[PDB]
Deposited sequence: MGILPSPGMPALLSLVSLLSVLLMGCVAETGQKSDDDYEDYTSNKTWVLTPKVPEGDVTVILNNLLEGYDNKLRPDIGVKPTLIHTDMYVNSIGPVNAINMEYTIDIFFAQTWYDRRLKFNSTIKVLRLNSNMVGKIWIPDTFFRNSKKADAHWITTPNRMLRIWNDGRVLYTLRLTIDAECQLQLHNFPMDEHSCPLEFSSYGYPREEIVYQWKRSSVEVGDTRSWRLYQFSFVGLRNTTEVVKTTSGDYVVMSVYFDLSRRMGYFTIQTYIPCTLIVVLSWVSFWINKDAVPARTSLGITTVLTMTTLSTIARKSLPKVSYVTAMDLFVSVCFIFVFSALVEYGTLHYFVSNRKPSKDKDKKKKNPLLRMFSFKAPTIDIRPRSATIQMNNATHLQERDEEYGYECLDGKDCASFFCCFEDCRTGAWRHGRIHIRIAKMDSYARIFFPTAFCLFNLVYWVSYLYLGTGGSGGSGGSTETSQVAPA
């Protein structure tokens, strides 16, 4: 068996791809998503752990024997030609070395080569945070050959291209995995035209956390502002302190609302709801200020109108707000 290995590497030039001028090299890629890590909305990244497997034919490695397969160590990888596959949208990707290099290299008698390596990838996912937290995202994962154009290396998905795990051991605690699609494209750059493989993961954010955190408390504070309308107008310290403290409460809640989003400049649905709720509590105290002045010096029945207008306007706002985002 040792004679077989020595002969294969003898006279072998790893600097040249198989069929350097004969034909483009065809590479079959398979991916097993071990787990999808947390989605970093601040950095617009997401961690993914996969078993990246590549299959190609190298007729320089043909050997005639009854074994028909040769499972080799990771040190053998550096001896032979390896495709320069890289992930185009990856920010920080690593291959684990504990306890040994997590790389597999199997060679068959007919020259077919299987190369599987475990990778942890922090890919880039530009999150369009409109309609937050009801937003839905499709984070891609693009990889291609770095130096070999479409005329030299051609990728191709297998019949089991992307295989997901149980989807329950995945590290997704904010989003929910709802979709998975694979695509093949050709991207033209300065160096040349490259075949680019893409995998899109559809993720929908779960709004349960934010409803309790922000939506329910902000709504209740607005309701507390309406309480001032029923308190007697003669109780000036009571009504004035109620409105002024509720505005202070919304100030505290407004800051905690966007403790997680990046500094995007567009108005997310979470920001719009908080801002509108801030206006309602602000207008409640302004209503009493106008009411108090004319009473102390129609307008006199402004409390009766406020007891109907304010609950109606906020309920009308909620009806428009939730429908415009949860639907349409």
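Residues 1-57, 355-436, 468-487 of the deposited sequence have no C-alpha coordinates in the structure.
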